[PDB]
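What follows is a set of notes on a single structure, which appears directly below.
Chains as they are written, first to last, in full-length UniProt numbering: chain A, 3 to 377; chain B, 3 to 377; chain C, 3 to 377.
Written out as structure tokens, the structure is:
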């Protein structure tokens with residue numbers, strides 16, 4: 003028998019070669035779900051005779067796209083090889099953010115500094131976004147999915163649980179493989195790295211919102227009681243239709259990048275509170291809203307603390323809806339809107355093991371934690 | 003913070019002026035739900051190029067109709083000012099039943115007497131039925147919904163709970179207001195009224211059904227084990243479509259009055275029992291059924307007891323369906339059908355704190371508790 | 003009052019005459035659900051006037067098909083009158099499998115020997131498959147459903163509960179019959195038969211799968227951890243449309259015979275295991291798969307044990323899907339495909355109180371439990 007407790011998920015770019023730089027291990031939770039489905043057509047005969055021909059041949063006409071959704075953690079840890087903080091699943095973020103292949107240093111989709119690891123969507127303008135091969139250890143069978151381009155990355159601010167993203171991706175085909183592709187233990191998570199990983203956890207009870215109105219330069223102090231965040235590169239797979247053969251999908255195309263999320267907060271009648279935001283949105287009706295929303299999973303402490311900051315420079319905010327709990331709270335929905343519909347300006351993510359108030363403010367102002375005017 | 007325990011819902015007829023006659027307080031339960039939604043259109047670009055333009059501007063194009071649904075009680079209490087028994091939410095019943103403004107004495111939609119308060123739908127043939135403004139205390143903020151026209155009033159005979167109606171209405175717009183419209187303490191429920199309110203409760207375990215066949219003059223003795231009742235003035239809101247502005251709904255129109263309900267009873271094989279009704283409906287198939295259905299929430303006692311009587315002079319009754327519980331019970335559905343499709347003859351509700359058998363018979367036969375032949 | 007504990011369901015072939023040969027009693031569980039519904043059209047008026055005509059006459063225009071679904075057991079017991087083992091509900095299986103009336107001895111849909119009772123689907127080429135009248139004793143009322151042709155029979159291998167089938171059929175009409183059609187106690191289950199019934203139970207924890215690949219002559223050792231099986235004679239009832247009358251359905255027609263099921267098993271990496279089947283199905287993509295699936299509700303023992311064998315000579319098997327439980331298991335779906343779309347070769351069922359390994363192999367190889375080559 004094979005146990006789910008022993009499952010390992012490895013992410014790689016090339017089929018043949020396999021070293022620690024090109025592929026690593028993902029510290030998946032017990033939410034893994036993969037598989038493939040087929041489109042089957044049933045042929046039935048319906049003729050008006052005295053003796054009907056009751057039968058139905060079934061034909062497999064095409065294959066769908068292989069689907070996988072594992073739920074790893076948010077673990078920004080310092081890299082021993084080069085003093086630049088890297089999350090264990092940086093390649094998944096890169097495949098989400100850019101089509102160019104693994105340019106860690108050069109400012110692109112997956113750019114990391116000594117201080118901060120940060121994810122830009124400026125280069126997210128390609129079809130077939132950074133094909134990645136994912137190897138899954140169903141105990142000891144080594145089954146992988148070929149050419150996985152990821153579809154969704156969802157952060158859920160559970161307000162009472164550790165930071166965890168839930169990836170989703172549409173692979174071309176799921177291939178079992180009799181033999182091992184590479185060496186598991188050497189490639190996957192060493193103990194020395196695992197120590198920093200265990201030290202880099204994010205609580206999500208220290209999340210603080212920084213909603214600001216670009217129209218009026220008004221900043222709101224909102225205590226988040228829960229929220230949701232999702233990135234959805236809408237991938238639709240093109241499958242040729244051959245009548246007498248079983249066809250696998252070819253190509254993946256793309257859709258509309260949707261950096262979207264939801265934010266829930268309690269109703270406070272103080273100044274620059276949640277109720278003031280509700281009144282501002284309900285009283286003034288605007289076709290387009292311009293908000294700067296900063297989701298900092300960690301706190302903004304005058305100390306080195308792990309955090310997974312999020313920013314959306316301009317984000318349309320829907321009308322808040324009053325939710326009647328024991329203590330009333332409003333849930334706002336926000337969808338990042340790129341500028342000029344060409345450049346990637348929806349937002350960017352920042353992961354690092356050490357975040358301070360100054361560095362968080364730096365990333366909020368400009369892309370990295372380099373400088374900030376600060377009066 | 004703002005708590006749901008302190009919520010108060012005030013129903014008013016006029017905006018500026020505010021006295022005890024024009025508006026009162028509704029003793030709502032903890033099922034309040036109000037809010038507004040907006041229709042947002044997302045613009046995406048899908049062109050066949052080497053570099054796709056992955057972006058999506060989002061626009062707010064129109065506003066929907068504000069939705070509110072609180073669940074108050076059925077509390078017919080005698081009025082100190084005039085000796086006519088009035089429910090605390092009488093003008094809500096009036097807005098359900100008529101468009102003319104609060105003609106309490108004159109026989110219309112909300113007609114009251116010393117003996118009975120009754121709700122007639124004879125004048126329920128207007129568009130824009132009796133606009134009412136509803137003020138909501140989310141703790142202390144005084145946010146209201148402008149020009150609420152109620153949509154549904156549902157009575158649920160739970161058999162084990164106090165009589166409670168669950169209103170629903172589609173308001174034009176939700177306006178927060180910084181300041182108080184009126185004085186909450188003087189306008190809403192005084193202690194002297196509250197005493198009679200506590201004294202006028204309806205148990206719902208004393209309900210008795212009085213189904214009679216107008217075709218065959220056959221009366222059935224049915225012990226109700228549960229049931230449902232709903233009045234639905236279908237309201238669809240007309241919103242202008244302006245491309246470059248956010249439009250709020252103008253006007254409300256009106257649809258088909260639907261006094262509908264469901265009744266469940268155990269299967270008794272006695273004479274004039276539920277099984278006899280089932281056999282009568284299943285054996286004889288008629289295009290139109292004519293039944294007189296009377297739902298008396300209180301009991302018919304030789305004494306003064308509170309009750310919330312319903313009568314439907316002619317009501318089409320669907321075919322009963324056998325529900326296989328531990329003890330088998332049939333569920334019948336009935337929808338009151340008006341005569342001539344012009345006058346309001348679907349039915350009428352009778353609320354009062356003191357009902358006797360004679361008064362219940364009076365209201366079942368004729369409109370009020372004046373006289374009945376009984377020879 | 004009437005209790006569900008006393009409900010008895012009798013299955014009969016003829017209306018007037020009633021003996022033990024024509025009808026018996028079905029040992030139904032507490033899942034009985036019968037009833038009838040009607041198609042009602044509501045007429046509403048929507049005209050643009052200052053005074054809308056708010057009203058809605060409701061008309062009953064037609065009747066649907068009466069629906070019933072009881073859940074009896076799988077109880078193959080030896081018949082005292084003739085030494086041929088017969089299940090208590092053999093008429094239901096006969097109506098499922100054939101249109102010709104009760105040829106128990108010879109070769110048809112319900113063909114039984116001294117060894118095995120069997121359900122053959124070769125003769126399911128008729129509309130209006132073997133009309134049966136089912137009498138339901140809701141305590142003491144004796145109401146039946148007229149001309150019931152069954153639509154579905156489902157076997158659920160719960161892996162921890164006794165074998166039980168869940169019939170479903172669309173009867174023409176539900177008729178009360180205040181008087182008794184026949185004598186209940188004499189017709190239904192005597193104590194002597196009930197003893198063998200208590201002796202004939204099937205545990206379902208001894209089920210064995212015998213998937214074999216007709217293409218490659220490869221046999222898989224698969225331990226079932228659960229599964230499903232269903233036979234679905236798609237019955238669509240033709241109801242005439244008369245405007246001014248209530249019409250009951252006339253005729254029943256028939257659809258495509260669908261012997262379908264599902265199989266769930268744990269992932270074993272042994273030889274000829276579930277993992278081998280998964281690899282064979284996922285690595286090789288074929289338009290049509292030809293599998294011989296033999297699902298025995300009982301076990302194969304070198305002794306006389308009750309069992310309910312099932313076989314599908316040609317069964318298309320869909321692509322297995324990995325289910326991520328604590329121990330990973332794959333769920334395969336299989337739909338029997340008849341040969342030439344004219345003869346009934348989807349499969350056949352075998353019920354008997356005594357199966358040995360030799361008799362099970364007999365029924366798997368050829369139709370009867372007579373001989374098999376074995377050398």
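No residue lacks a Cβ here, since even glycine has one placed at the ideal position from N, Cα and C.
*asked:* Tell me which residues of the segment 264-282 of chain A have at least one Cβ-Cβ distance to chain B shorter than 9 Å, keeping chain order.
replied: 268, 269, 270, 271, 277, 280 and 281
*Are there 16 or more other CB atoms within 10 angstroms of the CB of residue 281 of chain C, so buried, or fewer, so exposed?*
buried
*chain A within 8 Å of residue 38 of chain B, Cβ atoms only*: yes
_Using CA atoms only, rank isn't needed, just tell me which of A:28, A:92 and A:260 is closest to residue 73 of chain A._
A:28
*If we call anything under 8 Å between Cβ atoms a contact, is residue 294 of chain C one with residue 362 of chain C?*
no
*In chain C, what lies closer than 9 Å to residue 284 of chain B by C-beta?*
38, 145, 175, 176, 177 and 178
_Give me, in chain order, the residues of the same chain whose beta-carbon lies closer than 8 Å to that of residue 271 of chain C; leave out the 5 immediate sequence neighbours on both sides._
277
*Got a sec? Which residues, its chain only, sit under 8 Å from residue 89 of chain A by beta carbon, not counting five neighbours each side?*
76, 77, 78, 79, 95, 119 and 353
_Pair within 8 Å by beta-carbon distance, residue 133 of chain C and residue 154 of chain C_ = no
*Whole angstroms is fine: what's the gap from residue 239 of chain A's alpha carbon to residue 148 of chain A's?*
14 Å
*Kindly list the residues whose CB is nearer than 7 Å to the CB of residue 223 of chain A, restricted to its own chain and excluding five residues on each side of it in sequence; keep chain order.*
274 and 275
_Three-pair Cβ contact test at 8 Å for the segment 184-204 of chain B versus the segment 24-42 of chain B_ = yes
_Which of the three DSSP states is assigned to residue 276 of chain C in this structure?_
helix
*Taking one C-beta from the segment 54-66 of chain C and one from the segment 116-130 of chain C each time, how about it: are there three or more such pairs within less than 8 Å?*
no
_Straight-line Cα distance separating residue 309 of chain B from residue 219 of chain B_ = 26 Å
*CB contact below 8 Å: residue 330 of chain B versus chain C*: yes
_Local conformation of residue 308 of chain C per DSSP, three classes_ = strand
*Return helix, strand or coil for residue 200 of chain A, following the three-state DSSP convention.*
helix
_Beta-carbon proximity list for residue 372 of chain B, same chain, < 7 Å, skipping 5 on both sides_ = 364
*Tell me, to the nearest whole angstrom, how far the beta carbon of residue 141 of chain B is from that of residue 4 of chain B; I am working on the premise that it is less than 8 Å.*
4 Å
_Reduced DSSP category for residue 283 of chain B - H, G, I as helix; E, B as strand; rest coil_ = helix
*Which chain B residues are close to residue 35 of chain C, counting only those with a beta carbon under 9 Å from its beta carbon?*
324, 325 and 326
_For residue 350 of chain B and residue 369 of chain B, which I take to be in contact (beta-carbon distance under 8 Å), what is that distance rounded to the nearest angstrom?_
7 Å
*Which residue comes first and which comes last in the beta strand (DSSP E) that contains residue 338 of chain C?*
331-338
*In chain order, what residues of the same chain have a beta carbon less than 8 Å from the beta carbon of residue 103 of chain A, not counting five sequence neighbours either side?*
15 and 132
*Which residues in chain B sit within 8 Å of residue 248 of chain C, going by Cβ to Cβ distance?*
287, 288 and 289
*Per DSSP, which one or two residues make a beta bridge with residue 151 of chain B?*
B:172
_Using 8 Å as the threshold, is the C-beta distance between residue 284 of chain B and residue 324 of chain B below it?_
no
*What residues in the segment 295-327 of chain C bring their beta carbon closer than 9 Å to a beta carbon of chain A?*
318, 320, 321, 322, 323, 324, 325, 326 and 327
*With 16 other CB atoms within 10 Å as the buried threshold, where does residue 179 of chain A fall?*
exposed
_Taking a contact to mean a Cβ-Cβ separation below 8 Å, would you say residue 138 of chain B touches residue 146 of chain B in this structure?_
yes
*For residue 66 of chain C versus residue 83 of chain C, is the C-beta spacing smaller than 8 Å?*
no
*Is DSSP giving residue 92 of chain A helix, strand or coil here?*
helix
*asked:* By the 7 Å beta-carbon criterion, what residues does the segment 62-75 of chain C contribute toward chain A?
replied: none
*Where does residue 60 of chain C land, buried or exposed, given buried means 16+ other C-beta within 10 angstroms?*
buried
*Can you check the segment 198-280 of chain C for any beta strand (DSSP E) of at least 3 residues that lies completely inside it and give the ranges in chain order?*
226-235 and 259-268
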